[PDB]
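Structure first, commentary second.
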Amino acid sequence: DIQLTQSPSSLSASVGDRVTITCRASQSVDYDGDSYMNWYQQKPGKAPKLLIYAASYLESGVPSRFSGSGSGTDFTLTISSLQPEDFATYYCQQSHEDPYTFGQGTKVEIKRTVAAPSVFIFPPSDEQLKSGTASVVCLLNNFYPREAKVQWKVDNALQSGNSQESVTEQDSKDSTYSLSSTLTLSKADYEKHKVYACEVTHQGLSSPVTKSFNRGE
Amino acid sequence: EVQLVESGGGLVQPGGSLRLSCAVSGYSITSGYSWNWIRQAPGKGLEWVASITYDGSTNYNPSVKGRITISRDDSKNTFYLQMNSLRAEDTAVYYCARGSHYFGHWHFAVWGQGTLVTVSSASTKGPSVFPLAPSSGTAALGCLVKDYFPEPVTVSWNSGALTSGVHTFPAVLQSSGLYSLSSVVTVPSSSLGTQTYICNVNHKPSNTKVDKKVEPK
């Protein structure tokens, strides 16, 4: 089969900058003067969206800042000026022969100014404590870059092995990320302590920000 | 406007069979040049697996050939995907897509929403919804969707009326083998008394739909 390889695998570009994505096919996809290379844009949770067909034709409804070029085995997708809503994974696809194959995808992220997270801590609900399990959630809202460190402290005791982190995809509205850290304890272990703290360290934060609460207060 | 709506996803046993349907509305299925199925698995990009043209000619990807059948029902304006002898590698989000009458045909401008097929021997389990009450300016609140299987869970706020500031985090796999996620939203503190906030949780594999109101403790 024809294998497609894209480059780079991912990129982080400043907003408004020009973006170039290349796709190399293991065999030529030319046929009768046309090149059967297509490009797709896939945003989180959505189906792929057709941008370019036949190497250089712009699909109706797609902004004119997207353009394609190339022939034979080498093809290029160009974004003349990267916009915040262009955060997505981009795929090339050859339609020269079956099976119709896709590239591995190129993730495009917008590089914006450094922003500090808004930290919030949530105690476990009384509805959950009735089941015998406690979940303490710490929220880091709207920050950049994606790199953020979170560590828990239960009565000044650093926690380890009892938390999990989840990061959202880049928000096109402001090019920021959000992170949640969930500290999972048993109800008995939760009732034996008082202070539950969430310590957040980030580039946009000079000193680490700590938010905490007291159980039963 | 042409719409492709998929159904039939969910949990399947290893060695079992899946049956997906793609109901087409606002467009006659007999008018499309071809109707296709394309699956997306993590680390595998996108893979075309089956097609059927307007005259009934079928074609399949050799990586699945022998255990796949694509069919059509013009009276119901629906085409189907049938796969048997399922393996864990068949776990993916399955899309239906329409081919083109132009420029080599086998590029896809219209897609369905995608449905997740999970090939596992584990059992389905409904989630528990717990509130993340706000502390009392911008306030943060949310819902905790804990212990469910398999994916996915969809979360909206106020039946879709509230979208601004919403962050639904990707699910994480707990050590118990069950998934868990949370969805938050930033709201003004002055609105905590007067504005009602309800998270709409839906877990179709377990037929569990919950509307949970979040208010200060």
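We label chains A, B, ... in the order they appear in the structure tokens, count residues from 1 in each chain, and number ligands from 1 in the order shown.
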
Exercise for the section: May I have the residues within 8 Å of range 61-69 of chain A as a ChimeraX atom specification, using only C-alpha atoms and disregarding those fewer than 6 positions away in the same chain? Expected result: /A:51-52,55,75-81

With 7 Å as the cut-off and only C-alpha atoms counted, what is the closest atom pair between each nearby residue of chain A and chain B? Distances in Å to one decimal, ordered by chain and number, as a tab-separated table.
residue	atom	partner	partner_atom	distance
A:36	CA	B:104	CA	6.9
A:38	CA	B:107	CA	6.9
A:46	CA	B:113	CA	6.8
A:47	CA	B:113	CA	6.0
A:49	CA	B:109	CA	6.8
A:50	CA	B:109	CA	5.2
A:54	CA	B:103	CA	6.3
A:95	CA	B:106	CA	5.2
A:99	CA	B:61	CA	5.6
A:100	CA	B:48	CA	6.1
A:101	CA	B:47	CA	6.4
A:102	CA	B:46	CA	6.0
A:104	CA	B:45	CA	5.4
A:105	CA	B:45	CA	6.7
A:122	CA	B:132	CA	6.1
A:125	CA	B:131	CA	6.4
A:127	CA	B:130	CA	6.8
A:128	CA	B:130	CA	6.5
A:166	CA	B:169	CA	6.2
A:167	CA	B:169	CA	6.4
A:168	CA	B:169	CA	5.3

Problem - Which residue of A:149, A:202, A:18, A:193 approaches residue 214 in chain A most closely, using only C-alpha atoms - result: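 With only C-alpha atoms as the atom set, the closest residue is A:193.
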
Could you name the residues that touch range 29-32 of chain A at 8 Å or less, counting only C-alpha atoms, but leaving out those on the same chain fewer than 2 positions away, as an mmCIF file with N, CA and C atoms, in the first residue's frame?
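What landed in around.cif:
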data_model
loop_
_atom_site.group_PDB
_atom_site.id
_atom_site.type_symbol
_atom_site.label_atom_id
_atom_site.label_comp_id
_atom_site.auth_asym_id
_atom_site.auth_seq_id
_atom_site.Cartn_x
_atom_site.Cartn_y
_atom_site.Cartn_z
ATOM 1 N N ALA A 25 4.541 10.879 0.118
ATOM 2 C CA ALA A 25 3.924 9.604 -0.217
ATOM 3 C C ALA A 25 4.980 8.616 -0.691
ATOM 4 N N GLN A 27 4.692 6.348 -2.845
ATOM 5 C CA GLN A 27 4.625 6.268 -4.294
ATOM 6 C C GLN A 27 3.902 7.499 -4.817
ATOM 7 N N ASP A 34 -3.438 15.304 -12.708
ATOM 8 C CA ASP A 34 -3.865 15.683 -11.368
ATOM 9 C C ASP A 34 -3.078 14.910 -10.316
ATOM 10 N N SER A 35 -2.943 15.515 -9.137
ATOM 11 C CA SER A 35 -2.307 14.886 -7.985
ATOM 12 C C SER A 35 -3.373 14.631 -6.930
ATOM 13 N N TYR A 36 -3.562 13.363 -6.568
ATOM 14 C CA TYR A 36 -4.653 12.971 -5.672
ATOM 15 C C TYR A 36 -4.172 12.941 -4.222
ATOM 16 N N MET A 37 -3.886 14.132 -3.708
ATOM 17 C CA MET A 37 -3.546 14.327 -2.306
ATOM 18 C C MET A 37 -4.572 15.262 -1.686
ATOM 19 N N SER A 71 3.232 17.903 -6.035
ATOM 20 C CA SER A 71 2.877 16.923 -7.052
ATOM 21 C C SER A 71 3.701 15.666 -6.824
ATOM 22 N N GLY A 72 3.266 14.576 -7.451
ATOM 23 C CA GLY A 72 3.979 13.318 -7.362
ATOM 24 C C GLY A 72 3.957 12.696 -5.981
ATOM 25 N N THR A 73 5.053 12.854 -5.233
ATOM 26 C CA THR A 73 5.177 12.271 -3.905
ATOM 27 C C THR A 73 5.297 13.295 -2.785
ATOM 28 N N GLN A 94 -4.173 10.242 0.487
ATOM 29 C CA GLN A 94 -4.080 9.988 -0.944
ATOM 30 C C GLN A 94 -5.316 9.237 -1.417
ATOM 31 N N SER A 95 -5.852 9.667 -2.557
ATOM 32 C CA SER A 95 -6.986 9.000 -3.184
ATOM 33 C C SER A 95 -6.606 8.397 -4.531
ATOM 34 N N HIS A 96 -5.318 8.114 -4.731
ATOM 35 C CA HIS A 96 -4.858 7.577 -6.008
ATOM 36 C C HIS A 96 -5.264 6.118 -6.178
#

Exercise for the section: Can you check which residues of range 89-176 of chain A DSSP gives as strand (DSSP E) on the backbone and send them as a PyMOL selection string? Expected result: chain A and resi 89-94+106-111+118-122+133-143+149-154+157-158+163-167

Handout entry: Secondary structure check, helix (DSSP H, G or I) residues of chain A, as a PyMOL selection string
Key = chain A and resi 84-86+126-129+187-191

Writer output for current selection, N, CA and C atoms, as a PDB file, in the first residue's frame:
ATOM      1  N   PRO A  84      -6.079  31.629  16.023  1.00  0.00           N
ATOM      2  CA  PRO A  84      -6.350  30.818  17.226  1.00  0.00           C
ATOM      3  C   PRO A  84      -7.242  29.612  16.981  1.00  0.00           C
ATOM      4  N   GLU A  85      -8.223  29.730  16.091  1.00  0.00           N
ATOM      5  CA  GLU A  85      -9.143  28.632  15.833  1.00  0.00           C
ATOM      6  C   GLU A  85      -8.538  27.537  14.963  1.00  0.00           C
ATOM      7  N   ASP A  86      -7.302  27.701  14.496  1.00  0.00           N
ATOM      8  CA  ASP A  86      -6.649  26.705  13.657  1.00  0.00           C
ATOM      9  C   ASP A  86      -5.962  25.604  14.458  1.00  0.00           C
ATOM     10  N   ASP A 126     -20.664  15.695  50.208  1.00  0.00           N
ATOM     11  CA  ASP A 126     -21.236  14.797  51.205  1.00  0.00           C
ATOM     12  C   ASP A 126     -21.954  13.623  50.552  1.00  0.00           C
ATOM     13  N   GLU A 127     -22.462  13.809  49.331  1.00  0.00           N
ATOM     14  CA  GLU A 127     -23.118  12.713  48.626  1.00  0.00           C
ATOM     15  C   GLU A 127     -22.137  11.587  48.326  1.00  0.00           C
ATOM     16  N   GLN A 128     -20.887  11.930  48.003  1.00  0.00           N
ATOM     17  CA  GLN A 128     -19.890  10.907  47.711  1.00  0.00           C
ATOM     18  C   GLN A 128     -19.372  10.229  48.973  1.00  0.00           C
ATOM     19  N   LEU A 129     -19.250  10.972  50.077  1.00  0.00           N
ATOM     20  CA  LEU A 129     -18.711  10.399  51.306  1.00  0.00           C
ATOM     21  C   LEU A 129     -19.585   9.278  51.850  1.00  0.00           C
ATOM     22  N   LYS A 187     -12.819   7.076  52.532  1.00  0.00           N
ATOM     23  CA  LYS A 187     -13.547   7.928  53.467  1.00  0.00           C
ATOM     24  C   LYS A 187     -12.896   7.919  54.844  1.00  0.00           C
ATOM     25  N   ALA A 188     -12.427   6.753  55.293  1.00  0.00           N
ATOM     26  CA  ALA A 188     -11.779   6.675  56.598  1.00  0.00           C
ATOM     27  C   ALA A 188     -10.484   7.476  56.615  1.00  0.00           C
ATOM     28  N   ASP A 189      -9.665   7.337  55.567  1.00  0.00           N
ATOM     29  CA  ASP A 189      -8.431   8.114  55.487  1.00  0.00           C
ATOM     30  C   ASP A 189      -8.714   9.606  55.384  1.00  0.00           C
ATOM     31  N   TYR A 190      -9.829   9.983  54.753  1.00  0.00           N
ATOM     32  CA  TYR A 190     -10.148  11.399  54.606  1.00  0.00           C
ATOM     33  C   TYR A 190     -10.560  12.017  55.937  1.00  0.00           C
ATOM     34  N   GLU A 191     -11.292  11.267  56.763  1.00  0.00           N
ATOM     35  CA  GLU A 191     -11.775  11.765  58.046  1.00  0.00           C
ATOM     36  C   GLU A 191     -10.680  11.871  59.103  1.00  0.00           C
TER      37      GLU A 191
END

Exercise for the section: Choose the residue, out of B:117, B:192, B:5, B:29, that has the smallest atom-to-atom separation from residue 151 in chain B; count only C-alpha atoms. Expected result: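 Of the candidates, the smallest distance to residue 151 in chain B is held by B:117.
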
Problem - Test item: residues at most 6 Å from residue 6 in chain A, only C-alpha atoms, excluding those fewer than 6 positions along its chain, as a ChimeraX atom specification - result: /A:22-23,103

Exercise for the section: Would you mind telling me which residue in B:122, B:36, B:10, B:16 lies nearest to residue 176 in chain B when using only C-alpha atoms? Expected result: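 Closest candidate: B:122.
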
Problem - Pick from A:4, A:185, A:195, A:157, whichever lies nearest to residue 93 in chain A using only C-alpha atoms - result: A:4
